[PDB]
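What follows is a single chain, given as structure tokens, in the form deposited in one PDB entry.
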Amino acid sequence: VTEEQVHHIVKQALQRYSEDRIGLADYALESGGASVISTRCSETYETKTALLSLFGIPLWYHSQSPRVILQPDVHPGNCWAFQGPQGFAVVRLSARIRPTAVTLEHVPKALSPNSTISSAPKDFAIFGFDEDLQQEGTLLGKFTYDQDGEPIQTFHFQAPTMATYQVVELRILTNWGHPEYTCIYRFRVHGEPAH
């Protein structure tokens, strides 16, 4: 190839990188209008390590809330944790859409002590609801986060149905073997808008 070709390859490459890395709109991004429901969706793993205080006196232990799973920031610790290997999380998307794919990501191995990431979700499934609250929602896909793959992993539904949704569940069924908890860094939802 010629130098000219290389620059174009790089430009294109850098451009895709700056489009939230994967280049697909995220109907689950919080700032874009997505929100977590809380009342529906798992209890946060309680730790009591991080004590924040001002002007001298202790205030409270902060612990990451479920909403960080919809927040772009994914440095180590920027995850939401829950007790054990199985867990609920439920999003109201910023718009009603036909869900075509989802994206899950974890912190890179290379940035993790001992280059292991045992608190990464393993098998998961996506349910879509079309009214909010409970009745139990349509299964849309049952995937597996590869701990030996890249950190951002996109999963395209094998032949999804045409029905549209605004509420969805992320259900983590197992993790990669951490004894105490499971950290979830960022969860993305893509689809064709109801327009």
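Note that residue numbering follows the sequence shown and begins at 1. For clarity, a rigid core is taken as the largest C-alpha set superposing within 1.5 Å between two forms.
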Avg C-alpha B-factor, entry values, 174 to 182 vs 14 to 22, higher side is 174 to 182
Taking the recorded C-alpha temperature factors, which stretch has the higher mean, 66 to 74 or 40 to 48?
40 to 48
Sorting the chain's modelled residues by C-alpha B-factor, tell me whether residue 136 ends up in the lowest, middle or highest third.
highest
Place residue 155 in the lowest, middle or highest third of its chain's C-alpha B-factors, as listed in the PDB entry.
lowest
Residue 32: CA B-factor among chain residues, third -> lowest
Third of the chain, ranked by Cα B-factor, where residue 121 sits:
middle
On the chain's distribution of Cα B-factors, residue 103 falls within the third called lowest
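Not on display, but discussed next: the form deposited in another entry.
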Tell me, with the core superposed, which single residue in 39, 158, 31, 65 has its C-alpha moved by at least 2 Å between this form and the one not shown.
39
Do residue 64 and residue 40 move together or apart in the other entry, judged by C-alpha distance changing 3 Å or more?
closer
Given that the CA-CA distance for residue 86 and residue 45 shifts by 3 Å or more in the other entry, does it become closer or farther?
farther
